[PDB]
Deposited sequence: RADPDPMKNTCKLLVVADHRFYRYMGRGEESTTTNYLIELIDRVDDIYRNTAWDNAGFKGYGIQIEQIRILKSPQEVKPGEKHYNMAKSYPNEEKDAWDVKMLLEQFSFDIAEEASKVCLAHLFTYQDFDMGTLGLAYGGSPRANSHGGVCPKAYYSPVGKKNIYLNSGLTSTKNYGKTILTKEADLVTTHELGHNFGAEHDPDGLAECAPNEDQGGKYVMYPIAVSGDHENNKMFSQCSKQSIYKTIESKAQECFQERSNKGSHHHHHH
């Protein structure tokens, strides 16, 4: 492990929804919530031994927090991830999750090209219990260009998002930590843990499921906050190929 290339620096974005409902319309409340969440997610990453030996100490740190205090004004027919209305259905509390992640990646493209990862934090009730989405596991850690035929420019796939609203209420901070860990897990190259591999999806008596299980882990079982051996094997291959490309020294 290279100590000069062991940290994935993040551009963290809080949209107007997050600012209003999680930050109570205050910059200090907004940033403290995000700073503490990323630090606890960093504890999971930094303590993970990707090869089950000495290949550990890889983590995440915030480089910048963008705080969008108000909705982004748009021209008729124009969209933006920070706009007041949801898309494609303005009558719903939330955007379609896939369309929102693509829109965010489009709008933040210039900034995303300069950072290991960009992550959107929002407050909207995605359909069917969805809490977040991310590229990777193409895309994930280090900007990878995608030419958007619709957008007519390159966007970067080093992005993901977390919503702290689910089923009409604010999720627990212990649940929010798990969402962001799972989304960044996909960015780091992990796919979902399959039922077919008991080592990677244990029963409740064996500590329960790991963070990459497709059904949202609650955080009450031991394994919930941890990466399975399946995730470790996938991520180990990524870190070994990506740290030299865009990781930096821990601050």
Counting from residue 1 of the deposited sequence, where are the gaps with no C-alpha coordinates?
1-3, 141-146, 261-270
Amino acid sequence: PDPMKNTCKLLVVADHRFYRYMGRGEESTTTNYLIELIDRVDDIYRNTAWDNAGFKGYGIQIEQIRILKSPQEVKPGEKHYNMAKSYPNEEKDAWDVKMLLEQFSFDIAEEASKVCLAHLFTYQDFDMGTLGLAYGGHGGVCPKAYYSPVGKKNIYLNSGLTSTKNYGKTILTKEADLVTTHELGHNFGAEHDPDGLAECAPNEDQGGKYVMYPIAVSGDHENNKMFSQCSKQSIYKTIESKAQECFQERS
From here on, numbers count along this sequence of modelled residues.
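The term rigid core refers to the maximal set of C-alpha atoms that superpose within 1.5 Å between the two forms.
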Could you check whether 189-197 or 209-217 drifts more from the shown form in 4 other deposited structures of this protein, using RMS Cα distance once the core is superposed?
209-217
Between 228-236 and 11-19, name whichever shows the higher mean Cα B factor according to the PDB entry.
228-236
Got a sec? Mean C-alpha B-factor, which is higher, 175-183 or 80-88?
80-88
Which one of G137, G160, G168, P143 shows the biggest C-alpha B-factor in the PDB entry?
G137
When you compare the CA B-factors of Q103, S148, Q72, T122 as listed in the entry, which one comes out on top?
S148
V97: CA B-factor among chain residues, third -> middle
Entry-reported C-alpha B-factor of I44 relative to its chain, by third, is lowest
Looking at the entry's B-factor column for C-alpha atoms only, identify whether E36 ranks in the lowest, middle or highest third of its chain.
lowest
Is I108 in the lowest, middle or highest third of its chain when residues are ranked by C-alpha B-factor?
middle
Grab the CA temperature factor for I62 from the record and place it in the lowest, middle or highest third of its chain.
lowest
